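Report on the following structure.
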Amino acid sequence: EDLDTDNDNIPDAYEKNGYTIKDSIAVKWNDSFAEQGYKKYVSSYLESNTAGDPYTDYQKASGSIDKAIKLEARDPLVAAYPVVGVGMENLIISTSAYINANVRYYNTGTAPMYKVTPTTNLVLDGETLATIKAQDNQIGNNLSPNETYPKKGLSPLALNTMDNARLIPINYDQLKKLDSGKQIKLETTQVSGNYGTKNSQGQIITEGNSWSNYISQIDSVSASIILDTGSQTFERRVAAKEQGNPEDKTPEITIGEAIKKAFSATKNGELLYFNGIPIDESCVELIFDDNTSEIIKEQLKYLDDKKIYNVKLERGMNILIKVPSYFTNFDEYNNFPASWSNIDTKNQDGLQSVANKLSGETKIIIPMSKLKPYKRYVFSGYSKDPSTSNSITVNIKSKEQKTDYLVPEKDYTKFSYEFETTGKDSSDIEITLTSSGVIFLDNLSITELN
Amino acid sequence: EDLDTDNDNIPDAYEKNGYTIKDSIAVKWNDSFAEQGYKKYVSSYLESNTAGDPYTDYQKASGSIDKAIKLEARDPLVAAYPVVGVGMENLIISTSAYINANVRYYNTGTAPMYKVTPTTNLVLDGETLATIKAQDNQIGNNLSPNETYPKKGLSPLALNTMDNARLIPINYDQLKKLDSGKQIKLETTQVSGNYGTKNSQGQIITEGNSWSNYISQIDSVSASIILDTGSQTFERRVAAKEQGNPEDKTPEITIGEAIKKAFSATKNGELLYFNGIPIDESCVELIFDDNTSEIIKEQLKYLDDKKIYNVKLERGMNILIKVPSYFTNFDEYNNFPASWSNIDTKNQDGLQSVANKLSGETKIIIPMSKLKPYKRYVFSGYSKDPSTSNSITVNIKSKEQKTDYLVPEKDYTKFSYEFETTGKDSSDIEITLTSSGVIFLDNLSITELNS
Amino acid sequence: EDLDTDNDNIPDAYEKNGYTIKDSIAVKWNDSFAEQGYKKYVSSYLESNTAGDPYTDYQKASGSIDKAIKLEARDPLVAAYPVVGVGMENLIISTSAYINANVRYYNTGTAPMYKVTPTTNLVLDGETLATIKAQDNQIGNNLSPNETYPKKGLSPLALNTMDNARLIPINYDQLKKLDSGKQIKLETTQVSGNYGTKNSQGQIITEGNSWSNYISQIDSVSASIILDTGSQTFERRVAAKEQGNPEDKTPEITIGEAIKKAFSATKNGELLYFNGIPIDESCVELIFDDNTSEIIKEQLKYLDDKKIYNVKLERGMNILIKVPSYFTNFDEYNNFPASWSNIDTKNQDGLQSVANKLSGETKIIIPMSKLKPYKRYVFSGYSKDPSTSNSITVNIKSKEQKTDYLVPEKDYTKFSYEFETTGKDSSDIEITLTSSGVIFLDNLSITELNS
Ligand SMILES: [Ca+2]
Ligand SMILES: [Ca+2]
Ligand SMILES: [Ca+2]
Ligand SMILES: [Ca+2]
Ligand SMILES: [Ca+2]
Ligand SMILES: [Ca+2]
Ligand SMILES: [Ca+2]
Ligand SMILES: [Ca+2]
Ligand SMILES: [Ca+2]
């Protein structure tokens, strides 16, 4: 049919099922289109803006938007949210005295933000010295995704202008507090910026637009997903449907499918490869808040697969993905600087290819040269014991020595232990675990925490 | 036919193949038109703006844009991107202390910028003293490509005021470093300016137009190309198709074709000349970043020709062309002040006409008067040895004495040697190379590099 | 026919050949329209702005533009171009110290310029003190061509505001340099102003119409021509076609035709008089830049007439003309206070009517009262010698005595000798030339040069 209820040039019959854009016209999706590299899109048949962003479904699917917006946002289910922050580099105190800092804007979203006017807070400890908003001297004309202002290869801009006047901490009690060695933290509160929309004459106009009009809408119709790759962080929002409203037609997608859509991850049959780094559920650590934790726990009892990535995405969910710094699977990736002890690769019952046949105990000596001091670390792994009759205890050396006992189940079970390392010139980290009999180990990961 | 999906007054069939403009209407391209000056255009038939610049395909092809835009930007695949920078000419500081500087704006793109307003950072050593924005006294009304404000013959303008205010370091601790052999630098973070457009009434309006809209769009679709000839620097961006997009119809062009389109260089059969200076691969030293270098390395092994200029241009590639300061080919150009030793021109196995027949060793005493001190240089040339039984070692005098060995291949191979010369009142540079037997040399050059 | 590609109310055929405007409609030009006082217009048939100026071909040809725009701009080839500078009449230093100047704006173009807001630079010796933009006090409401602001008969306006605050030498070093007798100068980097167009109702609006839009476009579609008559200077820009572009249908005219079109000089057969004073090739010297010099020198060898005025115009050429101050032709003009020596007017082989029959040597005693000190002067003349066997040497008294030899050819040859005279209370300038036999001399000129 050709019925268009929401008037966005895409018939509702195509929007309900899969659809793709070919020569600027929507066509019914076919299973043979994946060979050329095409993609399958779904969206609600009642709304012109499924994800809430200022671009419609046809504009996002056909790529009729600003060319600096990532292809991760061309899917109508992924909002074109620019997540702009402020990073502080250096602090200068001189003569009361005056305070200025060298800052540099950061963007981690999926869209550009013209005319960036960040508002930041100068907090020392709880007390906020003075709120500052960028003047005409500290406005970023362009800020592309995954790029900074000033861009790489340029010194950070100075932030001294106040009100105009200077930033004067007249109260010398703050100076006395700084004498003890306190540091001043710069937190960002709000950021103002534009999008790029084409006028009737074909030019791009960015004056009447404002991202501040679509922040509330995008926040309240989407679920936040954050990916951490050790150095580069990505923040994305994925649209989700309401539970009590029968008139909300937003498509339902699993957490893994949502991750693949948002981060443009390549799926080689079963695994999810982001940039060659495997971000599969077993190969990465996931952190949820309390609400998402209870939602996932409730939904897991009705799932036969008992896999996190198979749970349906829901509005208001929060997900944070942290890629471990060191991860070994004994098959194709082993970045641990020090070789493990009592390891056997002759196995066929592993998670993907093989497992580790341990007979006795495993002890690893990790040098601290490749560690981050004053940082919490969590050790995770998967243990499989069909016997279910061997007790495993773990000894970990840290600021406080940890000794815990583990009871492996018949199938693979994930064990997580938390510890903290303090001081660069401290004792070397010692980790030791013992097994009563023969156990299987796979996917040992080391993850940095806060 | 007569079908234009993109609605830019050019049919899809004409855009898929070659097309040219004849009297305000697009016509099917023919090979006989090239002798009359007509050139063939290709573009994408799904987007009006192929390169992302404000002007459509028809406006660029038919030349219906502002006449100050270079003809090299009439090609739909070349973006009219104005690269405007600020150069510092003098520093005047006096008493705390006040800082006064004389600056001059520089343009290198293919389109003029109206109402220039750069933002500058006054970095001393990593630390940024203050960020300045140009007020109404430092706003350039017009800036044509390859032109400066103030123009040539006019003294540079003075930038010494903040937002009807004064500029001052808030303390003398900066002056302490300034005395201790530190130089305050200047780098432009951003430039704001309008672009020329036409209205219904016919006048050119540059009031509501802004370049900031079309910078993130142009930089995300086009691959940067930079040409440096020692005196003048040209910066260009050439649109390239996305690799993973099946719906992207942007045409694919080679690196050499991209350079020819961007710089409008003359191509007489095989050689490429910019303005009489050859920019052929064997006559210049190309500098690539990591990604472009590895990309070219990957596609090189799959090509029988194995030539850099024959690789297809791709999005995000960065290419820099450094025209050598001294270039000799033993055929028609030898700018070396001192002639070479033990050179025989009686040969027929050269790259273009002849090669160098060396029997023994070659030592060149390069005068220092024509060399820039405190700079790094790279010595490059082409060597051919069918025997593959003679080893070549080089002895070059510099700040650190260099002694390296080379193993010539059967065919012509290009090499590079890196050394640093420091101090105006230093020893003369000595270059010596020895060949075990008879070797063939061609296209010897000296190229300046970053210090 | 009735075909209009560019849609400017004139058919393509009429623009290709000559055309003229009779009763506000374009008609085919005829050879019998000259006697009525009409003129023959030619313009490109692919552009609605042949010269690129804000006005179209029909508006310029029919005279539907401001009456303040001179008649020389009614030719579609010659564009209107306000060339506005700033001249200084008084320099005042008072007390740090305060600096104020009295300035008058000058217009030497072919169009008015409303709302003049010039930007000026203060330089004492190379270094720029500050940059000044005109405030609401110094803005000129109107500036007609060849007029000033304030008008003739009024004292110059004041310029003392740096931004409103007084100007300031920021250091005592400025007074150090003033103690050394250093002169502060004034140069204009740019100028802002409006142009007038009749709106859709019938009123002239100059609010949103800026001249800065049509500066870069006009500079790149025209060649610069300057005429100086000793005291008053006029600048014009004449449109020229591109070289390699086949779609550029801009008509081609010679240097003499371009001068006649730009300055509206009268043609009485062959002679050219600007306003009664000769400006023909033999009656003035043309001062060129480099590129013009090589282009014209290359083009002369392929042309039989071998005259500068017969060279085809081209884009980018810069021409400067300095009408002679002391000039004699022995026919109708001799402004030298002292009569020449050994002069015979009984001849018929002169450039126009008669020549000089010199038998021996000619010496002239020129008083220096009418000579400007600290200025460079050039003596020019035409020599004819069918014998081609006599050597002529010239003795000129100046700061450094000059003695050079000249070898006359069979035909008339132009010779130029350059010298500088310094000091009002200096020795009198002596000019002497000796000829071996009988020589023919005509069009001897003396003209000021750069300081
Ligand atoms: Ca629909
Ligand atoms: Ca829809
Ligand atoms: Ca495994
Ligand atoms: Ca088309
Ligand atoms: Ca097109
Ligand atoms: Ca050769
Ligand atoms: Ca016409
Ligand atoms: Ca016309
Ligand atoms: Ca005569």
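Ordered as shown in the structure tokens, chains take letters A, B, and onward, while each chain numbers its residues from 1 and ligands are numbered from 1 in the order shown.
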**Asked** Hey, which residues come within 7 Å of ligand 7 if we count only C-alpha atoms and all ligand atoms? Could you give them as an MDAnalysis selection string?
**Response** chainID C and resid 4:12 15 45:46
**Asked** Taking only C-alpha atoms into account, what are the residues of chain C at most 8 Å from chain B, put as number ranges by chain?
**Response** C: 5, 46, 54, 119, 121, 123, 126-133, 163, 171, 187, 189-190, 192, 212-217, 220-221, 244-247
**Prompt:** Quick one: residues within 10 Å of ligand 1, with only C-alpha atoms and all ligand atoms, as a VMD selection string?
**Reply:** chain A and resid 2 to 16 43 to 48 57 to 58
Selection export as a compact mmCIF listing (two decimals), in the first residue's frame, atoms kept: N, CA and C atoms:
```txt
# COMPACT_ATOMS: atom_id res chain seq x y z
N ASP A 2 0.21 2.42 0.04
CA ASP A 2 0.91 3.70 0.04
C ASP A 2 0.35 4.64 1.10
N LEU A 3 -0.25 4.10 2.15
CA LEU A 3 -0.86 4.91 3.20
C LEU A 3 0.23 5.50 4.08
N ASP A 4 0.21 6.82 4.25
CA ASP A 4 1.18 7.53 5.08
C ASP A 4 0.41 8.31 6.14
N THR A 5 0.35 7.75 7.35
CA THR A 5 -0.39 8.40 8.43
C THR A 5 0.37 9.61 8.98
N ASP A 6 1.69 9.48 9.15
CA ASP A 6 2.50 10.54 9.72
C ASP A 6 3.10 11.48 8.68
N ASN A 7 2.89 11.22 7.39
CA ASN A 7 3.32 12.10 6.30
C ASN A 7 4.82 12.37 6.36
N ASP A 8 5.60 11.30 6.17
CA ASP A 8 7.05 11.40 6.08
C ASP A 8 7.60 10.67 4.86
N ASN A 9 6.79 10.50 3.82
CA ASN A 9 7.16 9.91 2.53
C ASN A 9 7.50 8.43 2.63
N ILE A 10 7.28 7.79 3.78
CA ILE A 10 7.51 6.36 3.93
C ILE A 10 6.19 5.69 4.31
N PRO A 11 5.65 4.80 3.48
CA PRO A 11 4.38 4.15 3.82
C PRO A 11 4.47 3.37 5.12
N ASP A 12 3.35 3.35 5.86
CA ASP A 12 3.34 2.71 7.17
C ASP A 12 3.58 1.21 7.07
N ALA A 13 3.18 0.59 5.96
CA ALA A 13 3.45 -0.83 5.77
C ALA A 13 4.94 -1.12 5.73
N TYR A 14 5.72 -0.21 5.13
CA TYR A 14 7.17 -0.38 5.11
C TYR A 14 7.79 -0.04 6.46
N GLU A 15 7.21 0.91 7.20
CA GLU A 15 7.78 1.30 8.48
C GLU A 15 7.55 0.24 9.55
N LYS A 16 6.40 -0.44 9.51
CA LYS A 16 6.14 -1.50 10.48
C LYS A 16 7.16 -2.63 10.35
N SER A 43 10.89 1.72 12.25
CA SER A 43 10.48 2.93 12.95
C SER A 43 8.97 2.89 13.14
N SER A 44 8.48 3.76 14.02
CA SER A 44 7.05 3.82 14.30
C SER A 44 6.31 4.45 13.13
N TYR A 45 5.09 3.96 12.88
CA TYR A 45 4.29 4.42 11.76
C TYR A 45 3.34 5.56 12.14
N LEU A 46 3.51 6.16 13.32
CA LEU A 46 2.66 7.25 13.75
C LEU A 46 3.41 8.55 14.01
N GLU A 47 4.74 8.52 14.12
CA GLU A 47 5.53 9.69 14.45
C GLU A 47 6.52 10.00 13.33
N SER A 48 6.71 11.29 13.06
CA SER A 48 7.71 11.70 12.08
C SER A 48 9.11 11.71 12.67
N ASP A 57 12.34 10.61 10.00
CA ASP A 57 12.77 9.25 9.67
C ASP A 57 13.32 9.18 8.25
N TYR A 58 12.64 9.83 7.29
CA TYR A 58 13.11 9.81 5.91
C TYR A 58 14.45 10.53 5.78
```
**Prompt:** Would you name the residues within 7 Å of ligand 9, counting only C-alpha atoms and all ligand atoms, and put them as a PyMOL selection string?
**Reply:** chain C and resi 329+331+349-355+442
Those residues you just picked out, can you put them in a file as a short mmCIF file (atom, residue, chain, number, x, y, z; two decimals), in the first residue's frame with N, CA, C and O atoms?
```
data_model
loop_
_atom_site.label_atom_id
_atom_site.label_comp_id
_atom_site.auth_asym_id
_atom_site.auth_seq_id
_atom_site.Cartn_x
_atom_site.Cartn_y
_atom_site.Cartn_z
N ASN C 329 57.09 69.44 -28.75
CA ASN C 329 56.98 68.70 -30.00
C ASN C 329 57.38 69.53 -31.21
O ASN C 329 57.32 69.02 -32.33
N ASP C 331 55.85 71.61 -32.77
CA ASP C 331 54.72 71.85 -33.65
C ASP C 331 53.69 72.79 -33.04
O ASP C 331 53.35 73.80 -33.66
N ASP C 349 59.73 65.18 -42.03
CA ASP C 349 59.79 63.77 -41.66
C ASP C 349 59.52 63.56 -40.17
O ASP C 349 59.98 62.57 -39.59
N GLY C 350 58.80 64.48 -39.54
CA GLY C 350 58.51 64.39 -38.13
C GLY C 350 57.45 63.35 -37.81
O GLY C 350 56.85 62.73 -38.69
N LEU C 351 57.23 63.15 -36.51
CA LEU C 351 56.26 62.16 -36.07
C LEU C 351 54.85 62.53 -36.50
O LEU C 351 54.08 61.67 -36.94
N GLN C 352 54.48 63.81 -36.38
CA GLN C 352 53.16 64.26 -36.81
C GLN C 352 53.23 65.23 -37.98
O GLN C 352 52.64 64.95 -39.03
N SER C 353 53.94 66.35 -37.86
CA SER C 353 54.06 67.31 -38.95
C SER C 353 55.50 67.56 -39.36
O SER C 353 55.84 67.40 -40.54
N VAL C 354 56.36 67.97 -38.43
CA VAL C 354 57.73 68.37 -38.72
C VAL C 354 58.65 67.77 -37.66
O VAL C 354 58.21 67.27 -36.63
N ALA C 355 59.95 67.82 -37.94
CA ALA C 355 60.96 67.35 -36.99
C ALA C 355 62.00 68.43 -36.74
O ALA C 355 61.83 69.57 -37.18
N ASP C 442 62.32 64.63 -32.04
CA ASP C 442 60.94 65.05 -31.86
C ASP C 442 60.40 64.48 -30.56
O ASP C 442 60.87 63.44 -30.09
#
```
**Request:** Could you tell me, counting only C-alpha atoms and all ligand atoms, which protein and nucleic acid residues lie no more than 12 Å from ligand 5, written as a ChimeraX atom specification?
**Result:** /B:3-17,19,26,41-52,55-61,75-77,248-251
Output the selection as a CSV table (one decimal), in the first residue's frame - N, CA and C atoms for each residue.
```
chain,number,residue,atom,x,y,z
B,3,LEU,N,16.3,12.7,-17.0
B,3,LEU,CA,15.9,12.4,-15.6
B,3,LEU,C,17.0,12.9,-14.6
B,4,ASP,N,16.6,13.8,-13.7
B,4,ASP,CA,17.5,14.4,-12.7
B,4,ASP,C,16.9,14.1,-11.4
B,5,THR,N,17.4,13.0,-10.7
B,5,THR,CA,16.9,12.7,-9.4
B,5,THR,C,17.3,13.8,-8.3
B,6,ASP,N,18.5,14.3,-8.5
B,6,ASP,CA,19.0,15.2,-7.5
B,6,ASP,C,18.5,16.6,-7.7
B,7,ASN,N,17.8,16.9,-8.8
B,7,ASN,CA,17.3,18.2,-9.1
B,7,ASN,C,18.3,19.3,-9.0
B,8,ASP,N,19.3,19.2,-9.9
B,8,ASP,CA,20.4,20.2,-10.1
B,8,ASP,C,20.6,20.5,-11.6
B,9,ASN,N,19.5,20.4,-12.4
B,9,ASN,CA,19.5,20.8,-13.8
B,9,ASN,C,20.5,20.0,-14.6
B,10,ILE,N,20.9,18.9,-14.2
B,10,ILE,CA,21.8,18.0,-14.9
B,10,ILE,C,21.2,16.6,-14.9
B,11,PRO,N,21.0,15.9,-16.0
B,11,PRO,CA,20.4,14.6,-16.0
B,11,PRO,C,21.3,13.6,-15.4
B,12,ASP,N,20.7,12.5,-14.9
B,12,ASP,CA,21.4,11.5,-14.2
B,12,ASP,C,22.4,10.8,-15.1
B,13,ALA,N,22.0,10.5,-16.4
B,13,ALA,CA,22.9,9.8,-17.3
B,13,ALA,C,24.1,10.7,-17.6
B,14,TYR,N,23.9,12.0,-17.8
B,14,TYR,CA,25.1,12.8,-18.1
B,14,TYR,C,26.0,12.9,-16.9
B,15,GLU,N,25.5,12.8,-15.6
B,15,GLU,CA,26.4,12.9,-14.5
B,15,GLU,C,27.1,11.6,-14.2
B,16,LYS,N,26.4,10.5,-14.5
B,16,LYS,CA,27.1,9.2,-14.4
B,16,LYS,C,28.3,9.0,-15.3
B,17,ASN,N,28.1,9.5,-16.5
B,17,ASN,CA,29.3,9.5,-17.5
B,17,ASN,C,29.9,10.9,-17.4
B,19,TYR,N,30.4,14.9,-18.6
B,19,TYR,CA,29.5,15.9,-19.1
B,19,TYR,C,30.3,17.2,-19.1
B,26,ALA,N,23.9,21.7,-20.0
B,26,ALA,CA,24.8,20.5,-20.0
B,26,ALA,C,24.6,19.7,-21.3
B,41,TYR,N,33.5,16.7,-16.8
B,41,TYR,CA,33.2,16.7,-15.4
B,41,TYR,C,32.4,15.4,-15.1
B,42,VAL,N,32.7,15.0,-13.8
B,42,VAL,CA,32.0,13.8,-13.2
B,42,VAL,C,31.6,14.2,-11.8
B,43,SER,N,30.4,13.7,-11.4
B,43,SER,CA,29.9,14.0,-10.0
B,43,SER,C,28.9,13.0,-9.6
B,44,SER,N,28.4,13.1,-8.4
B,44,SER,CA,27.3,12.2,-7.9
B,44,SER,C,26.0,12.7,-8.3
B,45,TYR,N,25.1,11.8,-8.7
B,45,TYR,CA,23.8,12.1,-9.2
B,45,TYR,C,22.7,12.0,-8.2
B,46,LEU,N,23.1,11.9,-6.9
B,46,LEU,CA,22.1,11.9,-5.8
B,46,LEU,C,22.1,13.1,-4.9
B,47,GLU,N,23.2,13.9,-4.9
B,47,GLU,CA,23.3,15.1,-4.1
B,47,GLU,C,23.6,16.3,-5.0
B,48,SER,N,23.0,17.4,-4.7
B,48,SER,CA,23.3,18.6,-5.4
B,48,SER,C,24.7,19.1,-5.1
B,49,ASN,N,25.1,19.2,-3.9
B,49,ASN,CA,26.4,19.6,-3.5
B,49,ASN,C,27.3,18.3,-3.3
B,50,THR,N,28.2,18.1,-4.3
B,50,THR,CA,29.0,16.9,-4.2
B,50,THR,C,30.1,17.0,-3.2
B,51,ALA,N,30.7,18.2,-3.1
B,51,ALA,CA,31.8,18.4,-2.2
B,51,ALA,C,31.4,19.0,-0.9
B,52,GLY,N,30.1,19.3,-0.7
B,52,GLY,CA,29.6,19.9,0.5
B,52,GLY,C,29.7,21.4,0.5
B,55,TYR,N,27.9,25.9,-3.1
B,55,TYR,CA,27.5,26.0,-4.5
B,55,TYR,C,27.2,24.6,-5.1
B,56,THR,N,26.2,24.5,-5.9
B,56,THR,CA,25.7,23.2,-6.4
B,56,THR,C,26.6,22.7,-7.5
B,57,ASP,N,26.3,21.6,-8.1
B,57,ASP,CA,27.1,21.0,-9.2
B,57,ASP,C,26.9,21.9,-10.4
B,58,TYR,N,25.7,22.4,-10.7
B,58,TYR,CA,25.5,23.2,-11.9
B,58,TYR,C,26.2,24.6,-11.8
B,59,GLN,N,26.1,25.2,-10.6
B,59,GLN,CA,26.8,26.5,-10.3
B,59,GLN,C,28.3,26.4,-10.5
B,60,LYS,N,28.9,25.3,-10.0
B,60,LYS,CA,30.3,25.1,-10.1
B,60,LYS,C,30.7,24.8,-11.6
B,61,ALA,N,30.0,23.9,-12.2
B,61,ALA,CA,30.3,23.5,-13.6
B,61,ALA,C,30.2,24.7,-14.6
B,75,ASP,N,35.5,22.6,-10.9
B,75,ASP,CA,35.2,21.2,-10.9
B,75,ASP,C,34.3,20.8,-9.7
B,76,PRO,N,33.2,20.1,-10.0
B,76,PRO,CA,32.3,19.7,-8.9
B,76,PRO,C,32.9,18.9,-7.8
B,77,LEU,N,34.0,18.2,-8.1
B,77,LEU,CA,34.6,17.3,-7.1
B,77,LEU,C,35.6,18.1,-6.2
B,248,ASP,N,26.1,5.6,-1.8
B,248,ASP,CA,27.0,6.8,-2.1
B,248,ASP,C,27.5,6.7,-3.5
B,249,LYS,N,27.1,7.7,-4.3
B,249,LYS,CA,27.5,7.7,-5.7
B,249,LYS,C,28.6,8.6,-6.1
B,250,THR,N,29.4,9.1,-5.1
B,250,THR,CA,30.5,9.9,-5.5
B,250,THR,C,31.5,9.2,-6.3
B,251,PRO,N,32.0,9.7,-7.4
B,251,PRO,CA,32.9,9.0,-8.3
B,251,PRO,C,34.3,8.8,-7.6
```
**Request:** Could you tell me how far atom CA of residue B:191 lies from atom CA of residue A:119, in Å and to one decimal?
**Result:**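 Those two atoms sit 22.6 Å apart.
One distance worth recording is that between atom CA of residue A:245 and atom CA of residue A:303, which is 23.9 Å.
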**Prompt:** How would you write, as a ChimeraX atom specification, the set of residues in stretch 140-355 of chain B that DSSP gives as strand (DSSP E)?
**Reply:** /B:140-143,148-149,157-159,187-194,197-198,204-205,222-228,233-239,266-268,271-273,285-288,318-322,326-328
Could you save those same residues with C-alpha atoms as a PDB file, in the first residue's frame?
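Below is the file again_28.pdb, written as the result:
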```
ATOM      1  CA  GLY B 140      39.242  42.338   7.113  1.00  0.00           C
ATOM      2  CA  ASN B 141      36.464  43.305   4.717  1.00  0.00           C
ATOM      3  CA  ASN B 142      37.732  41.212   1.792  1.00  0.00           C
ATOM      4  CA  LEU B 143      40.368  38.492   1.474  1.00  0.00           C
ATOM      5  CA  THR B 148      46.663  39.168   2.510  1.00  0.00           C
ATOM      6  CA  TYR B 149      45.027  41.807   4.701  1.00  0.00           C
ATOM      7  CA  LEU B 157      47.831  45.922  11.384  1.00  0.00           C
ATOM      8  CA  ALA B 158      48.195  46.129  15.165  1.00  0.00           C
ATOM      9  CA  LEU B 159      46.366  43.738  17.515  1.00  0.00           C
ATOM     10  CA  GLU B 187      48.211  30.054  16.527  1.00  0.00           C
ATOM     11  CA  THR B 188      44.719  30.577  15.120  1.00  0.00           C
ATOM     12  CA  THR B 189      42.057  28.277  16.552  1.00  0.00           C
ATOM     13  CA  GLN B 190      39.226  29.391  14.259  1.00  0.00           C
ATOM     14  CA  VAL B 191      38.269  31.953  11.618  1.00  0.00           C
ATOM     15  CA  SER B 192      34.795  33.404  11.032  1.00  0.00           C
ATOM     16  CA  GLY B 193      33.670  34.788   7.683  1.00  0.00           C
ATOM     17  CA  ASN B 194      30.849  34.922   5.135  1.00  0.00           C
ATOM     18  CA  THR B 197      25.656  34.271  -2.771  1.00  0.00           C
ATOM     19  CA  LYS B 198      23.113  35.738  -5.178  1.00  0.00           C
ATOM     20  CA  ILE B 204      25.461  39.581  -4.110  1.00  0.00           C
ATOM     21  CA  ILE B 205      24.629  39.245  -0.407  1.00  0.00           C
ATOM     22  CA  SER B 222      36.826  15.448   1.361  1.00  0.00           C
ATOM     23  CA  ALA B 223      40.434  14.282   1.617  1.00  0.00           C
ATOM     24  CA  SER B 224      43.019  16.951   2.377  1.00  0.00           C
ATOM     25  CA  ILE B 225      45.823  17.677  -0.089  1.00  0.00           C
ATOM     26  CA  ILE B 226      48.597  20.200   0.593  1.00  0.00           C
ATOM     27  CA  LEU B 227      51.288  21.406  -1.817  1.00  0.00           C
ATOM     28  CA  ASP B 228      54.389  23.260  -0.615  1.00  0.00           C
ATOM     29  CA  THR B 233      51.732  26.856   0.000  1.00  0.00           C
ATOM     30  CA  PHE B 234      48.441  25.631  -1.472  1.00  0.00           C
ATOM     31  CA  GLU B 235      45.832  23.716   0.534  1.00  0.00           C
ATOM     32  CA  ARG B 236      42.999  21.814  -1.143  1.00  0.00           C
ATOM     33  CA  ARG B 237      40.246  19.336  -0.298  1.00  0.00           C
ATOM     34  CA  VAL B 238      38.940  16.768  -2.792  1.00  0.00           C
ATOM     35  CA  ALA B 239      35.682  14.889  -2.248  1.00  0.00           C
ATOM     36  CA  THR B 266      49.046  20.749 -16.953  1.00  0.00           C
ATOM     37  CA  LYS B 267      49.402  17.141 -18.135  1.00  0.00           C
ATOM     38  CA  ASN B 268      51.452  16.795 -21.338  1.00  0.00           C
ATOM     39  CA  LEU B 271      54.487  14.613 -16.981  1.00  0.00           C
ATOM     40  CA  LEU B 272      52.603  16.916 -14.601  1.00  0.00           C
ATOM     41  CA  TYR B 273      53.603  20.571 -14.201  1.00  0.00           C
ATOM     42  CA  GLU B 285      58.883  13.884  -2.057  1.00  0.00           C
ATOM     43  CA  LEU B 286      55.438  12.993  -0.715  1.00  0.00           C
ATOM     44  CA  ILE B 287      54.792  13.007   3.037  1.00  0.00           C
ATOM     45  CA  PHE B 288      51.911  10.919   4.387  1.00  0.00           C
ATOM     46  CA  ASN B 318      46.138  13.319   4.033  1.00  0.00           C
ATOM     47  CA  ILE B 319      48.760  13.965   1.347  1.00  0.00           C
ATOM     48  CA  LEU B 320      51.513  16.592   1.485  1.00  0.00           C
ATOM     49  CA  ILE B 321      53.685  17.417  -1.535  1.00  0.00           C
ATOM     50  CA  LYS B 322      57.103  18.945  -0.815  1.00  0.00           C
ATOM     51  CA  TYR B 326      67.375  21.408  -5.309  1.00  0.00           C
ATOM     52  CA  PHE B 327      66.308  19.046  -8.100  1.00  0.00           C
ATOM     53  CA  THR B 328      68.505  17.570 -10.831  1.00  0.00           C
TER      54      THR B 328
END
```
**Message:** Just want the 6 Å neighbourhood of stretch 434-442 of chain A, counted on only C-alpha atoms, with same-chain residues fewer than 5 positions away dropped. Output as JSON, numbers by chain.
**Reply:** {"A": [329, 355, 356, 357, 358, 359, 360, 361, 382, 383, 384, 385, 390, 391, 392, 393]}
**Asked** Suppose you want the space between atom CA of residue A:26 and atom CA of residue A:51; what is it in Å?
**Response** 18.8 Å
**Asked** Counting only C-alpha atoms, what is within 9 Å of residue B:147, bar same-chain residues fewer than 6 positions away, as a ChimeraX atom specification?
**Response** /B:105-108
**Message:** ligand 3: which residues are within 10 Å, counting only C-alpha atoms and all ligand atoms? Reply as a list in words.
**Reply:**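 Going residue by residue within 10 Å of ligand 3, we get residues 328, 329, 330, 331, 332, 333, 345, 347, 348, 349, 350, 351, 352, 353, 354, 355, 356, 440, 441, 442, 443 and 444 of chain A.
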**Item:** Using only C-alpha atoms: which of C:345, C:356, C:362, C:334 has the shortest distance to residue C:393
**Value:** C:362
**Message:** Which residues are near residue C:177? Cut-off 9 Å, only C-alpha atoms, ignore same chain within fewer than 6 positions. Put them as a ChimeraX atom specification.
**Reply:** /C:124-125,183
